[PDB]
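Survey of secondary and tertiary structure
Residues per chain are reported as follows:
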Amino acid sequence: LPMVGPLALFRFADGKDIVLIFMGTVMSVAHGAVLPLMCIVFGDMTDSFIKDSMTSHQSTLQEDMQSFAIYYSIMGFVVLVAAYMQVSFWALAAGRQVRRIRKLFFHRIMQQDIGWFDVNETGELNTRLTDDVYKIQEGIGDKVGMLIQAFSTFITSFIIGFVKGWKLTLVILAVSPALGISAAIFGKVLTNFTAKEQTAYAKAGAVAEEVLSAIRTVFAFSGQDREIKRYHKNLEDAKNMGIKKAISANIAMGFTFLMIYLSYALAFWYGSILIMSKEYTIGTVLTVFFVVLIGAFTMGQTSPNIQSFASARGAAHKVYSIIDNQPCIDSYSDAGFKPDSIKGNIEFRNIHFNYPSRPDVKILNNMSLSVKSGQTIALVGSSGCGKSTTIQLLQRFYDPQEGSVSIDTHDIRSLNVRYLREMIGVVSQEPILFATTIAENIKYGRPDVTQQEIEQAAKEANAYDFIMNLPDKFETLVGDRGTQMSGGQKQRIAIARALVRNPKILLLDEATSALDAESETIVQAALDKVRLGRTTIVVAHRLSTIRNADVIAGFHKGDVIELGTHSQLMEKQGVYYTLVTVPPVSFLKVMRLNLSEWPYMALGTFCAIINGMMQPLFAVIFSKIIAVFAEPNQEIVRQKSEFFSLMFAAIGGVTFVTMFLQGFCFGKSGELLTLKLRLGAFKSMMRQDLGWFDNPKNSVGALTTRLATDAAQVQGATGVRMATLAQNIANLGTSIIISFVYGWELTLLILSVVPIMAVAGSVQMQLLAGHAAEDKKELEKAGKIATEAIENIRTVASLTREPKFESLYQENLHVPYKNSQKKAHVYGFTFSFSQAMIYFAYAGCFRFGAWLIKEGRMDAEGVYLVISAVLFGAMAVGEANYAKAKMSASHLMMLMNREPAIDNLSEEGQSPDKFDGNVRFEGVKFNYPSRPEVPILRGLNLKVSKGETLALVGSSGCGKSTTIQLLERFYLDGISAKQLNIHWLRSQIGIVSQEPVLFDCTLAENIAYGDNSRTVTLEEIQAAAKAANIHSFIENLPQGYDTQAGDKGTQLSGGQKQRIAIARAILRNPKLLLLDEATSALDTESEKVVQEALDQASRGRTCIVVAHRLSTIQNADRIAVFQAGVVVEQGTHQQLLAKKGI
Ligand SMILES: Clc1ccc(C(c2ccc(Cl)cc2)C(Cl)(Cl)Cl)cc1
């Protein structure tokens, strides 16, 4: 997308904004510099500690630490002041820029031509306003400041690192390709296994969605278990691939960890080697290592601010392009002539018009008609071809592309737009009143009269009928929006607003339609009465306005043909001759699902606690490496440095193997849990009632996405949640115990400062709740008035009251500005304290450690071990979705055990071998949850016995919706409804689904599907297909019945689909067939073939015709009707055939 550079992004910065920007940039540079200086002083402090320890195998530690502590405090103060001031200046600049941007943007929008409004209109502009203003505010806000600080810190870190230790800096840098190639291998393996995992998961999700989409036919057939088998097998394969992906990702992360630790080890070994030669001192190596580390990590961390800068740049580009767009018609400029008086005439000389958007359409061609003032001229049209366009034009909404206007020897182009607009009075068909009092709404219009005639106008508009006895005499506090008016009321206030001193001319554009009869009469009377005294040309189609007239205007497609009497219009064949015209599940209940796989979770937790404890060991090894650089014997130094670098590598390897094992076990547990949850959820889906599913929240898409996503998400709350919490607990507990043992004093001091980091945020949240509230509310209401302005641009411009809307917008914007400044200041203080607290804690803790060292309670490395352990524990926890996983698990649990509302999978009940053929329904009062309000079902008492051919037609909304669904046992034959063997009833039926849905498998498999209790034999499949007449077309196929049919829905006709559906149905060879108007949506020949096949299959077999056309119903015995689930209009075929004459 287009993006502007820095020069344009800040174009709307004045001098006041520029000074703030300059100060912010300079202060941010200083802030960025401060951290590398911190590292330099840290290295010097380490050197001083080592010197004191070396002397004892002096008091200079006390004074040296005192000086370094004063240094640390001054760094703290400078960072506090600098960071607060940087954030404050940048936020203030953002606020001023955003305020001016909103002002100018709305000003320009209101300026744009209507020919430009119609091109993007309200949605684009409101989106732009909200989103893009957010983007621009976030761009030039604190984010650019953080970018500048990142640059400064990176450059300063590199320069100090080079200037101090060019050799060791070069070594650290040259170790970077190691991490680079580690990441390369990471990406390779990740991409390969990720693609494989997507393929595997999709292979099962496809079957999931195939079943869910066609659940009706999937379940109507006794094939609810073969689906379970298919899902089980596909999900087992997906489990294998998923565990492969998990182990791959874990090994990649472990290799990254191993390589970073190996980089540490090599760097420290080289530092030792140099120190032995006495080139770099321990302080120097520590300084250079930490400065390079901080530089790298800071560049990484401010990578995300780059994206914010870029998005802000793009949004700014579009906003600025809107700002600079100059409308062809200037609604604000005062350039033009203002004739002191105007006779009020109107003329047009072949004004050619085309909409700026899609100018190919040409409606106004050769429009030439004049109306001398003091006259009223009627208008007509069929599609509103010309009238709307010309009424828009007279308002200067669209520039006359070719023509001349000679209004009293004046051209509308050459006169002031505001004077022209106010010179005439026009109101839309339904002008949505602005969110104000009715008095203020009538005041809108001509402010020339403010109160005195504003109250008088009511008497003219026939609105007073309620105003005098309204809730208030003229409506203070009435508001509107919350209160509702009748259409006649809105129209009456509209005519009042029009008649508030409309100077000469008054027009109305289809201002009569969409009105009740009483309102129609009232408004017609009002229009008639207000016609007198001024030149009126109203666009309308009503008969009353049609008959009343003094002149006529005729252009049915934009063809001016008539300008005279009414009788002439009649003679002109006009319309005057066509007058006829969810309890959040707890942790324990979630773990009850992996209760089965606990063996894997146990080893996972054990290896996780080992992984966590490894971090404190890394802190302790850091303490020991720092301490062991103070040994006078050089050989001992080499031995210890070699051993500790080796132990660094060993901790890396332990972390690597432990991450690998963790990956293996937690992946396996998570995949087993996912398979179990998916299988249980699918089983619950199948068994549950049919009326459940059609619910909008139970949409096929909803269930599919739930199965795909929430299933995996649930892994986030059983093992990995336990693993992460165990790792964190082990890390902090071990760190705290080690620190306590080394010395409870410094342990307590660092622990006591730990609260100050976060607890200080309580005030931040207190002041930020107000921020969020004002943000949502003020955005909503300011944008609401913006949407009112833009969406009613027609009226807003025609009212000539754009400035008044601007003033309302600005007054609304006032409070957000103050709240934004408060937010800037409070965020600035919180950020400054968060930044300076680390420096202050360093200073205080190290001074205390010096004291304890002198007293004798803490060894030289005691302070380093305790501080490093606590700091690295904090970092580890900070590095280390749970609520989302809990929510998904709650939904899945309530799903898998919701209720057996209509137990369908219940294979209970007794099934006599013989089915007597009774379709009797006794005492069943039910109603569909889809249509419970509408009478669906009552004490149904329908009758059909064996050998019948009953037909039916539903007068109201496809009566099939009732009888087949009920009889199909979706919602009894002499036996109780639920006592019967539902499996037997579902098995012994010839129900044909409406739309034949075939399954993604062999045609042989689809044929065999009709039965799933017993396997299939090819001989019988052929028998059924030939009996189904489908063999005819199947005779030409790649392999025939067994064909995979790799087309997957191309080489199949509707008739072929119906034939295969019938073959599937009759595979059971049932003795009672049922239809659901399936034999439809096909060509006449296809339907004839379908009926021929069905009749052939009906040879010596009972059926119930439920077809939709007489062609099928020809071979029928009796026809029926059903209303509200009760027998009605039962009769013989000939009688009801006479009924449905059609
Ligand atoms: Cl497992 C782990 C621990 C610490 C780290 C980092 C780290 C890097 C350098 C140093 Cl000296 C300490 C910790 C962060 Cl958390 Cl600070 Cl980003 C990374 C991974």
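Definitions and cut-offs
- Residues numbered from 1 in each chain as written, not as in the entry; some residues may be left out.
- Heavy atoms only, no water.
- Axes fitted to C-alpha atoms, helices over the stretch in contact; angles between N-to-C directions.
- Helix = DSSP H or I, 4+ residues; strand = E, 2+ residues; numbered from the N terminus.
- Parallel < 35°, antiparallel > 145°, perpendicular 65-115°, else oblique.
- Left-handed = near helix turned anticlockwise from the far one by under 90°.
- Contact = heavy atoms within 4.5 Å.
- Expected span 1.5 Å × (residues − 1).
- Bend = angle between axes of the 7 residues up to and from the residue.
- Domains from an automatic or database assignment.
- Disulfide = S-S within 2.5 Å.
- Salt bridge = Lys/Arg side-chain N within 4 Å of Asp/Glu carboxyl O.
- Buried < 20%, exposed > 50% of the residue type's maximum accessible area, 1.4 Å probe, protein only.

1. Concerning the packing of helix α21 (residues 634-687) against helix α30 (residues 882-896)
Running from N to C, α21 and α30 point in directions that differ by 45 degrees, and their axes come no closer than 8 Å. Taken together, α21 and α30 sit at an angle that is classed as oblique. Here α21 and α30 pass one another in a crossing that is left-handed. In this structure, α21 uses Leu-677, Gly-680, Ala-681, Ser-684 and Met-685 to contact α30, whose residues at the interface are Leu-892, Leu-895 and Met-896.

2. Points about helix α4 (residues 114-174)
Helix length check: α4, at 61 residues, gives a terminal C-alpha distance of 63 Å against a target of 90 Å (1.5 Å per residue), a shortfall beyond 12%. Approximately 120 degrees is the largest bend angle found in α4, and it occurs at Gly-165.

3. Considering the domain arrangement of the protein
Under the domain assignment used here, the protein contains domain 1 (1-173 + 281-336 + 746-857), domain 2 (349-562) and domain 3 (951-1139). Computed over C-alpha atoms, the centres of domain 1 and domain 3 are 69 Å apart.

4. Some points on the side chain of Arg-396
Inspection of the secondary structure assignment puts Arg-396 in the loop between α10 (387-394) and β3 (402-404). Ignoring any residue separated from it by four or fewer positions in sequence, one finds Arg-396 in contact with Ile-329, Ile-412, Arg-413, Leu-415, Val-417, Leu-420 and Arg-421.

5. With respect to the state of the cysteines
Applying the stated criterion to the full structure yields zero disulfides. This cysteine, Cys-607, is not joined by any disulfide, and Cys-665 carries the nearest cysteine sulfur, 3.9 Å off.

6. What about the pattern of salt bridges?
Where charged atoms of side chains with opposite charge meet at close range, the side chains can pair. For the coordinates displayed, the defined rule picks out 20 salt bridges. Between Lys-239 and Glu-236 there is a salt bridge, with its nearest N and O atoms 3.7 Å apart. One end of the pair, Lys-239, and the other, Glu-236, are both in helix α7 (residues 226-277), three residues apart, so they sit about a helical turn from each other. Under the relative-accessibility criterion, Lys-239 is labelled buried at 13%. Among the ionic pairs, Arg-638 bridges to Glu-635, the shortest N-O distance being 2.4 Å. On the criterion of helical spacing, the pair formed by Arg-638 and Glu-635 is a turn pair, its members being three residues apart in helix α21. Residue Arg-638 is classed as partly exposed on the basis of its relative accessible area of 43%. Among the charged side chains, a salt-bridge network with shared partners connects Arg-396, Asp-399, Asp-411 and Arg-413.

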